[PDB]
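Report on the following structure.
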Amino acid sequence: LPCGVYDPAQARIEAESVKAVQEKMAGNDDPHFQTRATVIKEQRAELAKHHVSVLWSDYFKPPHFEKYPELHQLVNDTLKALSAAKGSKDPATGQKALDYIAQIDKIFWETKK
Amino acid sequence: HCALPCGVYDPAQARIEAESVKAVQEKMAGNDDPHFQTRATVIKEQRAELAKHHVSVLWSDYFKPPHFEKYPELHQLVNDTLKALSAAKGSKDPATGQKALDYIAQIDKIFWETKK
Amino acid sequence: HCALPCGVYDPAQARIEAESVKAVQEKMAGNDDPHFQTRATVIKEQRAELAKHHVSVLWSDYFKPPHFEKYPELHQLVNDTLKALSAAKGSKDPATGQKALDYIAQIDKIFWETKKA
Amino acid sequence: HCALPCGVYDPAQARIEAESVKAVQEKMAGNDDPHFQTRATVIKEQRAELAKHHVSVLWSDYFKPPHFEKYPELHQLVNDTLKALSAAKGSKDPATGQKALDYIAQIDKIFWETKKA
Amino acid sequence: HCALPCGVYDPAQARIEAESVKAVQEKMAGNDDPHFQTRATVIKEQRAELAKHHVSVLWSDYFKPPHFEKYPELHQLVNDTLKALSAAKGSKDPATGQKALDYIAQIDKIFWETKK
Amino acid sequence: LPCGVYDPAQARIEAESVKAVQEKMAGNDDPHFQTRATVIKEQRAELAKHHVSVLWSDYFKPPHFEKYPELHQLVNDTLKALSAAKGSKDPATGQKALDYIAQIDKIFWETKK
Ligand code: NI
Ligand code: NI
Ligand code: NI
Ligand code: NI
Numbered sequence: 004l005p006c007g008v009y010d011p012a013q014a015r016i017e018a019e020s021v022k023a024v025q026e027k028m029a030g031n032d033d034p035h036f037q038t039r040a041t042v043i044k045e046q047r048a049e050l051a052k053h054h055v056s057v058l059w060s061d062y063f064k065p066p067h068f069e070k071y072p073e074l075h076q077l078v079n080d081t082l083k084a085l086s087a088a089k090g091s092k093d094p095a096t097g098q099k100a101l102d103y104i105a106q107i108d109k110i111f112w113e114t115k116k
Numbered sequence: 001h002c003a004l005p006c007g008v009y010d011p012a013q014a015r016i017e018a019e020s021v022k023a024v025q026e027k028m029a030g031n032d033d034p035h036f037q038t039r040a041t042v043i044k045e046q047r048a049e050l051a052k053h054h055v056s057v058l059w060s061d062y063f064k065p066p067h068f069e070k071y072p073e074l075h076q077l078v079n080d081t082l083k084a085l086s087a088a089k090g091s092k093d094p095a096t097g098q099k100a101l102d103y104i105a106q107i108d109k110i111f112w113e114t115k116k
Numbered sequence: 001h002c003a004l005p006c007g008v009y010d011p012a013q014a015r016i017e018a019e020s021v022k023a024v025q026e027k028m029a030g031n032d033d034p035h036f037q038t039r040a041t042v043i044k045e046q047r048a049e050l051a052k053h054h055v056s057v058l059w060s061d062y063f064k065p066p067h068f069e070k071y072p073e074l075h076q077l078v079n080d081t082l083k084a085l086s087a088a089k090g091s092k093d094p095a096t097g098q099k100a101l102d103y104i105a106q107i108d109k110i111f112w113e114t115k116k117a
Numbered sequence: 001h002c003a004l005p006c007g008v009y010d011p012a013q014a015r016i017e018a019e020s021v022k023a024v025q026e027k028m029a030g031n032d033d034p035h036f037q038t039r040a041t042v043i044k045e046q047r048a049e050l051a052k053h054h055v056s057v058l059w060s061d062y063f064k065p066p067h068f069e070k071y072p073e074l075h076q077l078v079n080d081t082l083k084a085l086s087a088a089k090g091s092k093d094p095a096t097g098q099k100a101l102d103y104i105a106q107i108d109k110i111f112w113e114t115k116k117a
Numbered sequence: 001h002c003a004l005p006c007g008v009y010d011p012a013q014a015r016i017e018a019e020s021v022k023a024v025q026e027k028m029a030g031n032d033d034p035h036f037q038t039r040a041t042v043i044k045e046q047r048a049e050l051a052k053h054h055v056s057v058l059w060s061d062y063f064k065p066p067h068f069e070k071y072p073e074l075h076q077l078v079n080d081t082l083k084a085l086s087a088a089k090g091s092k093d094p095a096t097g098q099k100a101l102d103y104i105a106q107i108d109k110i111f112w113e114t115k116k
Numbered sequence: 004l005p006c007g008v009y010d011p012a013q014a015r016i017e018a019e020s021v022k023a024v025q026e027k028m029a030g031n032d033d034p035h036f037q038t039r040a041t042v043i044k045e046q047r048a049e050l051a052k053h054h055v056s057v058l059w060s061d062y063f064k065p066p067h068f069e070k071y072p073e074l075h076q077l078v079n080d081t082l083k084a085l086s087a088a089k090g091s092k093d094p095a096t097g098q099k100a101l102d103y104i105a106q107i108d109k110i111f112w113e114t115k116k
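Chains as they are written, first to last, in the entry's author numbering: chain B, 4 to 116; chain C, 1 to 116; chain A, 1 to 117; chain A', 1 to 117; chain C', 1 to 116; chain B', 4 to 116. A prime marks a further copy of an entry chain.
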């Protein structure tokens, strides 16, 4: 629009679902459950990626990229971490994507200050 | 928020989309360009429907019969919230967006209570 | 089914999608091919979610407070239908797809009464 | 309607969405509020596209070569239906929504014959 | 590709999605991990449906009656293409993806002919 | 997945539709047509953005960002150009987004060489 309402919480919540699904995949080896878990994980990781991408294209502005010169690469690393989580059943991959999003969330809130 | 049961629900998702609705209403009051007005209408329509989807999901996928027994007004509160969001969708008045936010806040309160 | 409002609602939309869920469940018992099993699982997840959406729309956008007054079990019926569709979503047992259809049929019966008076 | 195949098809899905298109068109003649006009336009674009999708699915995934042999006008009928839905999409005139429903009704008649034999 | 009539159609969109389908089939032959197999099945299902949507759109929104008169086999060619894509969707054999690409290539040829 | 099939042509085709719609908006002042044109433009610009974002997150890799150190900013500029086109009826905005995508397309094809 823009309307100006952004919050990395959207990206965070979806990535939390990714990790939560990967964790459930460890405790239920039923093939149908594993398949559904895979299906859901794939959707949620892609929605998390979309939320991170929207922050980067629609919310962050040149003065933010000036002030935080590592921002472009951080967002790109976050997206690849989400791709790695969606390709894995290991909750450590989910967690890494969450740790990256946390770094974006800090930067975001600093820029609202 | 998609019955795995994965377990992760947060009314923040409904709230953030409804906050977008209200923000767009506020903006439509300030700029009467027809193209902007149209784009605002498009966005508002999509965000309000996303907000309704998140609220519906809490209601069907997160809340359980023990909750509906402990909070007998919850079903109607959810229905009113969805109707408040449809009302905001159809309106440019930010007070309609705020009313939808107020209803979501009541849901959020109950939600965090069931977490405690 | 769009909250314009346009006033075009019909539980047939929920029913068709829930019929698809059950049909997929029945096909999963007839073909153990892992690739087919996975595709069936993909489809069922999608159709079950659309069914839930159609039900939710009827409840939020079609049914009104007089209907809720007149049918005080209706809120809980709609909730049960959605949970039944979630249970079908999570299962290969066509009994679960059937149970969801049974609930939809009950909504369908209320709906058509409200179209008379 | 998913090409699993699950074998659950019904032109009712196309018809309901095309009914919505016409209902929206009729509502646009009754309320000149520019905001309402725009919302009506948003909704109609969406419902018309879903209608086209349902028709296309019946043609690609339900109808088979014997049906095409037996009903040699069917390809062109399906094409005309989709173009009619595009014309409704582009118009506020409910006559266009009606014309699209007329075509769907013709598909519906063929469909149900193929369910008998 | 959405009847404005905006005018911009290119069978490349159908082709690129069908090329993705074939690429995923080829990959499923190389790696029998169940999780990878599932993810490949998910992706293939989505891309094949996108390809079918693009082909359907050319057929309803781009091609006109003069074209169907000049190319009387076009309707059935489109129907066969959609069925070839549904066949690829249901298969792991890259030859099914290639067959769908072959049918799309026939459409693409006719398409560029109507441009000349 | 990845499967490895990427082509900036997807982003290009959608952005071409954006510009084509903006051009049609100049020759038909009917309010219903202007509204539909706005609706369609909004969808196509967002699909173009999604295609550009996917290239940047899923196709480009660290050695590409090393070799082309202007790549992150170019992709970000391309996305904001698409946002500007979706907020405008001026075909010059559509064209600018296309000119940016053209720069990405050149880089893409170099990296396949
Ligand atoms: Ni969930
Ligand atoms: Ni409606
Ligand atoms: Ni089906
Ligand atoms: Ni178009």
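For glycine and all other residues, C-beta sits at the position ideal for the given N, C-alpha and C.
When 8 Å is used as the limit between beta carbons, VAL42 of chain B is near these residues of chain A: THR41, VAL42 and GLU45, in chain order. For ligand 2, a non-hydrogen atom lies closer than 7 Å to the CB of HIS1 of chain A. In the DSSP assignment, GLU69 of chain B' falls within the alpha helix (DSSP H) that extends over 65-70. The beta carbons of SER86 of chain A and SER60 of chain C sit about 7 Å from each other, so the pair counts as a contact at 8 Å. Residue environment: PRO65 of chain B is assigned as exposed (fewer than 16 neighbouring CB atoms within 10 Å of its CB, all protein chains considered). With a cutoff of 8 Å on beta-carbon distance, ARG15 of chain C' and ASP108 of chain C' are scored as near each other. For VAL42 of chain B, the Cβ stays outside the 7 Å cut-off from all heavy atoms of ligand 1. In this structure, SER56 of chain B' has its beta carbon at no less than 7 Å from each heavy atom of ligand 4. If you draw a 10 Å sphere on the C-beta of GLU113 of chain C', you find fewer than 16 other C-beta atoms in it, and that means exposed. Closest by C-alpha distance to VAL42 of chain C, out of C:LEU101, C:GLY90 and C:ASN79, is C:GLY90. Residue contact check for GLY90 of chain C' against chain A: a CB pair falls below 8 Å.
Just measuring C-alpha positions, the residue of B':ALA105, B':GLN98, B':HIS54 and B':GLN76 sitting nearest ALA23 of chain B' is B':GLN98.
In this structure, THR81 of chain B keeps its C-beta atom at 8 Å or more from the C-beta atom of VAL57 of chain B. Here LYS92 of chain C has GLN25 and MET28 as same chain residues with Cβ atoms under 6 Å from its own Cβ, once five neighbours each way along the sequence are excluded. Per DSSP, the unbroken alpha helix (DSSP H) holding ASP80 of chain A' starts and ends at 74-89.
The criterion of a C-beta distance shorter than 8 Å is not satisfied by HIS75 of chain A and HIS53 of chain C. Going by DSSP, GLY97 of chain B' is part of the alpha helix (DSSP H) stretching over 94-115. Any Cβ of chain C' closer than 8 Å to the Cβ of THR96 of chain B would place that residue at the interface, and such an atom is absent. Annotation: the continuous alpha helix (DSSP H) that includes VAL21 of chain A' extends over 12-28. By the 16-neighbour rule on beta-carbons within 10 angstroms, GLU17 of chain A' is buried.
The beta carbon of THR114 of chain A' does not come within 8 Å of any beta carbon belonging to chain C, so the residue lies off that interface.
Set against 7 Å, the gap from the CB of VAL21 of chain B to the closest heavy atom of ligand 1 is not smaller. Closest by C-alpha distance to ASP10 of chain B, out of C:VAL8, C:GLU19 and C:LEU50, is C:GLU19.
By the 16-neighbour rule on beta-carbons within 10 angstroms, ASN31 of chain A' is exposed.
At a threshold of 7 Å, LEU50 of chain B does not count as near ligand 1, since its beta carbon sits no closer than that to any of the ligand's heavy atoms.
Nearest in C-alpha terms to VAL21 of chain C, of all of C:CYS2, C:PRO94 and C:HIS67, is C:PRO94. The three-state secondary structure of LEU4 of chain A', taken from DSSP, is coil.
In the structure shown, the three-state DSSP call for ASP61 of chain B' is helix. Checking the 7 Å criterion, the Cβ of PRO5 of chain A is within range of a heavy atom belonging to ligand 2.
Cβ proximity to chain C below 7 Å picks out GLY7, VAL8, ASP10, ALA12, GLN13, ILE16, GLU19, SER20, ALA23, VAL24 and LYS27 from the stretch 7-28 of chain B. In this structure, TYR103 of chain A' sits near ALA84 of chain A', with a CB-CB distance shorter than 8 Å. For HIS1 of chain C', the nearest CB of chain B' lies under 8 Å from its own CB, placing it at the interface with that chain.
Contact between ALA12 of chain C and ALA12 of chain B holds: CB atoms are separated by about 5 Å, below the 8 Å threshold.
With a threshold of 7 Å, the Cβ atom of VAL8 of chain C counts as near ligand 1, since some heavy atom of the ligand is closer than that.
Non-local beta-carbon contacts of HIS67 of chain A' in its own chain, meaning distances under 6 Å to residues more than five positions away in sequence, involve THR114 in chain order.
Taking the CA atoms as reference points, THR38 of chain A' sits about 28 Å from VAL78 of chain C.
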